[PDB]
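Student: I'm passing along coords-v6.txt; it holds compact mmCIF, C-alpha atoms.
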# COMPACT_ATOMS: atom_id res chain seq x y z
CA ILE A 160 23.45 -9.78 -44.34
CA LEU A 161 22.28 -6.31 -45.42
CA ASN A 162 19.07 -7.87 -46.73
CA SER A 163 18.56 -9.73 -43.45
CA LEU A 164 19.12 -6.54 -41.43
CA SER A 165 16.61 -4.71 -43.64
CA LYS A 166 14.08 -7.49 -43.02
CA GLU A 167 14.85 -7.19 -39.29
CA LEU A 168 14.23 -3.43 -39.41
CA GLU A 169 10.94 -3.87 -41.28
CA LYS A 170 9.86 -6.52 -38.77
CA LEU A 171 10.71 -4.06 -35.99
CA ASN A 172 8.74 -1.31 -37.76
CA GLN A 173 5.35 -3.00 -37.35
CA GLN A 174 5.42 -3.17 -33.54
CA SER A 175 6.31 0.53 -33.21
CA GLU A 176 2.90 1.68 -32.01
CA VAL A 177 1.44 5.13 -31.42
CA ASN A 178 -1.45 6.32 -29.22
CA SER A 179 -1.56 3.83 -26.34
CA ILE A 180 -3.20 4.59 -23.00
CA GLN A 181 -2.18 3.17 -19.63
CA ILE A 182 -3.97 2.76 -16.31
CA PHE A 183 -2.30 2.50 -12.90
CA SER A 184 -3.50 1.86 -9.36
CA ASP A 185 -1.72 1.56 -6.05
CA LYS A 186 -3.29 -0.85 -3.52
CA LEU A 187 -4.84 -3.50 -5.76
CA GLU A 188 -6.18 -4.90 -2.50
CA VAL A 189 -8.73 -2.62 -0.87
CA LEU A 190 -11.12 -2.54 2.08
CA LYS A 191 -14.82 -1.63 2.03
CA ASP A 192 -14.33 2.16 2.13
CA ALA A 193 -10.65 2.64 1.26
CA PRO A 194 -10.01 4.99 -1.69
CA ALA A 195 -7.29 3.19 -3.77
CA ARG A 196 -6.62 6.14 -6.09
CA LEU A 197 -6.71 5.10 -9.76
CA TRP A 198 -4.53 7.16 -12.10
CA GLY A 199 -4.89 7.02 -15.86
CA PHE A 200 -2.72 8.34 -18.68
CA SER A 201 -3.94 8.99 -22.21
CA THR A 202 -1.49 10.20 -24.86
CA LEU A 203 -4.30 11.56 -27.05
CA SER A 204 -4.33 15.19 -28.17
CA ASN A 205 -7.66 16.10 -26.56
CA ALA A 206 -9.96 13.65 -24.83
CA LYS A 207 -12.38 13.18 -21.94
CA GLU A 208 -10.47 10.28 -20.22
CA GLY A 209 -13.32 9.13 -18.01
CA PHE A 210 -13.63 6.11 -15.75
CA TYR A 211 -16.47 3.65 -16.37
CA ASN A 212 -17.86 1.10 -13.92
CA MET B 1 0.97 1.81 5.12
CA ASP B 2 -0.90 -0.70 2.99
CA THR B 3 -3.97 -1.77 4.90
CA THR B 4 -4.61 -5.39 3.93
CA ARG B 5 -0.95 -6.39 4.24
CA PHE B 6 -1.00 -4.77 7.69
CA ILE B 7 -4.09 -6.81 8.64
CA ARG B 8 -2.53 -10.06 7.42
CA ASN B 9 0.76 -9.34 9.20
CA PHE B 10 -1.12 -8.39 12.39
CA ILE B 11 -3.02 -11.70 12.24
CA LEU B 12 0.18 -13.65 11.54
CA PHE B 13 2.03 -11.99 14.43
CA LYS B 14 -0.90 -12.78 16.71
CA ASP B 15 -0.57 -16.39 15.53
CA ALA B 16 3.21 -16.52 16.08
CA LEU B 17 3.06 -14.89 19.49
CA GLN B 18 0.34 -17.25 20.68
CA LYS B 19 -2.16 -15.60 23.00
CA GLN B 20 -1.98 -18.29 25.69
CA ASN B 21 1.44 -16.94 26.68
CA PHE B 22 0.43 -13.29 26.36
CA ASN B 23 -1.70 -10.71 28.05
CA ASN B 24 -4.07 -9.44 25.37
CA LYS B 25 -3.08 -5.75 25.45
CA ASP B 26 0.66 -6.43 25.22
CA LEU B 27 0.00 -9.06 22.53
CA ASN B 28 -1.96 -6.62 20.36
CA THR B 29 0.60 -3.87 20.98
CA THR B 30 3.63 -6.01 20.09
CA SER B 31 1.84 -7.38 17.02
CA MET B 32 0.96 -3.84 15.92
CA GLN B 33 4.53 -2.59 16.38
CA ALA B 34 5.98 -5.58 14.52
CA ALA B 35 3.43 -5.11 11.72
CA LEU B 36 4.39 -1.44 11.39
CA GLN B 37 8.07 -2.41 11.21
CA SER B 38 7.11 -5.03 8.61
CA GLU B 39 5.40 -2.33 6.54
CA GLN B 40 8.51 -0.13 6.82
CA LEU B 41 10.58 -3.08 5.58
CA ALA B 42 8.10 -3.97 2.83
CA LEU B 43 8.43 -0.48 1.33
CA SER B 44 12.13 -1.17 0.72
CA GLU B 45 11.13 -4.64 -0.49
CA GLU B 46 8.88 -3.03 -3.12
CA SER B 47 11.70 -0.72 -4.21
CA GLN B 48 14.24 -3.56 -4.44
CA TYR B 49 11.81 -5.82 -6.29
CA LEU B 50 11.05 -3.05 -8.80
CA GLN B 51 14.80 -2.58 -9.34
CA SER B 52 15.36 -6.33 -9.71
CA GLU B 53 12.46 -6.63 -12.16
CA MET C 1 -0.60 14.79 6.98
CA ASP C 2 -3.56 13.78 4.85
CA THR C 3 -6.66 14.05 6.99
CA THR C 4 -9.03 11.33 5.76
CA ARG C 5 -6.30 8.68 5.57
CA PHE C 6 -5.37 9.65 9.14
CA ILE C 7 -9.00 9.22 10.23
CA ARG C 8 -9.28 5.81 8.56
CA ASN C 9 -5.97 4.64 10.02
CA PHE C 10 -6.98 5.93 13.47
CA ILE C 11 -10.24 3.97 13.23
CA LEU C 12 -8.43 0.85 12.01
CA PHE C 13 -5.86 1.03 14.80
CA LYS C 14 -8.68 1.42 17.32
CA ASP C 15 -10.20 -1.71 15.79
CA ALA C 16 -6.94 -3.69 15.90
CA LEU C 17 -6.10 -2.65 19.43
CA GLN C 18 -9.55 -3.58 20.70
CA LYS C 19 -10.81 -1.26 23.43
CA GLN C 20 -11.82 -4.05 25.83
CA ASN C 21 -8.12 -4.64 26.54
CA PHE C 22 -7.25 -0.94 26.67
CA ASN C 23 -7.77 2.09 28.82
CA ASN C 24 -9.37 4.69 26.54
CA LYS C 25 -6.72 7.41 26.85
CA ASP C 26 -3.79 5.08 26.14
CA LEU C 27 -5.78 3.46 23.32
CA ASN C 28 -6.43 6.80 21.61
CA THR C 29 -2.83 7.90 22.20
CA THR C 30 -1.26 4.72 20.78
CA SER C 31 -3.66 4.79 17.82
CA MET C 32 -2.77 8.44 17.15
CA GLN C 33 0.98 7.77 17.32
CA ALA C 34 0.69 4.72 15.05
CA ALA C 35 -1.45 6.72 12.60
CA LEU C 36 1.14 9.50 12.50
CA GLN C 37 3.88 6.94 11.83
CA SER C 38 1.64 5.45 9.12
CA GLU C 39 1.34 8.90 7.51
CA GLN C 40 5.13 9.30 7.64
CA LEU C 41 5.45 5.92 5.92
CA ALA C 42 2.71 6.68 3.39
CA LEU C 43 4.61 9.76 2.19
CA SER C 44 7.47 7.49 1.11
CA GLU C 45 4.85 5.11 -0.30
CA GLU C 46 3.52 7.93 -2.50
CA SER C 47 7.05 8.75 -3.68
CA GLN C 48 7.88 5.11 -4.45
CA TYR C 49 4.56 4.54 -6.22
CA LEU C 50 5.11 7.64 -8.36
CA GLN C 51 8.58 6.35 -9.27
CA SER C 52 7.24 2.86 -10.04
CA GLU C 53 4.42 4.31 -12.18
How would this structure read if it were set down as structure tokens?

Tutor:
Amino acid sequence: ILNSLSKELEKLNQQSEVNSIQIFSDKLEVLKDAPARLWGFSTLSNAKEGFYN
Amino acid sequence: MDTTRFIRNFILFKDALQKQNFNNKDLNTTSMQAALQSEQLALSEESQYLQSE
Amino acid sequence: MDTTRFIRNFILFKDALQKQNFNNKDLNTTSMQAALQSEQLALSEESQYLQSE
């Protein structure tokens, strides 16, 4: 059971990620001229974090 | 308010209150007031659905 | 209030309440009151969207 719990912990250790960014946006629906403010989040140390079209 | 949900609710309230039984100004006014109340309810719907998720 | 969202909501409420069925003063007044209520609702929308993000 100790060996199985160690294998469980090592299987859990691979999915523990670092450095993942995340985008967010209210109002997924939008009109022709409505703003729909996009907000991004980068967990990098220093970056430029632009938006590309 | 959210704009497109307001437009769809305004259209649906103008379909429910059919315009043959309604003067046009009072029809548009009652549909607008009911759509604004529907937006005020849908805010709490968004909060409750986030909590339930 | 936020100014540009108020202008867009005022324009949209003057499009929904079409001016052929409305005296101009009452149209502008009802659109202004509905836009102010929409700003009061959009404050709570901003708070709930920040919490959900």

Student: Please check which residues have atoms at most 10 Å from (-5.4, 10.0, 4.6) in the file's coordinates, counting all atoms listed in the file, and write them as a list in words.

Tutor: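 All residues meeting the 10 Å criterion around (-5.4, 10.0, 4.6) are residues 193 and 194 of chain A; 1, 2, 3, 4, 5, 6, 7, 8, 9, 10, 35, 38, 39 and 42 of chain C.
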
Student: What are the nearest atom pairs, with distances in Å to one decimal, for all residues of chain C that come at most 7 Å from chain B, using only C-alpha atoms, set out by chain and rising residue number as CSV?

Tutor:
residue,atom,partner,partner_atom,distance
C:17,CA,B:28,CA,5.8
C:21,CA,B:25,CA,5.3
C:22,CA,B:25,CA,6.5
C:38,CA,B:1,CA,5.4
C:41,CA,B:1,CA,6.1
C:42,CA,B:1,CA,5.5
C:45,CA,B:43,CA,6.8
C:48,CA,B:47,CA,7.0

Student: Please report the interatomic distance between atom CA of residue A:170 and atom CA of residue B:52 in Å with one decimal.

Tutor: 29.6 Å

Student: Contacts from chain A to chain B, 9 Å maximum, only C-alpha atoms: show me the residue list as JSON, numbers by chain.

Tutor: {"A": [186, 188, 189, 190, 193]}

Student: Interatomic distance between atom CA of residue C:34 and atom CA of residue B:49?

Tutor: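 Value for the atom CA of residue C:34-atom CA of residue B:49 distance: 26.3 Å.
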
Student: Which polymer residues, whether protein, DNA or RNA, lie within 7 Å of the coordinate (-5.5, -0.5, -7.5) when you count all atoms listed in the file? List them as a PyMOL selection string, using the chain letters and numbers from the file.

Tutor: chain A and resi 183-188+195-197

Student: When you draw a straight line from atom CA of residue A:201 to atom CA of residue A:180, how long is it in Å?

Tutor: 4.5 Å
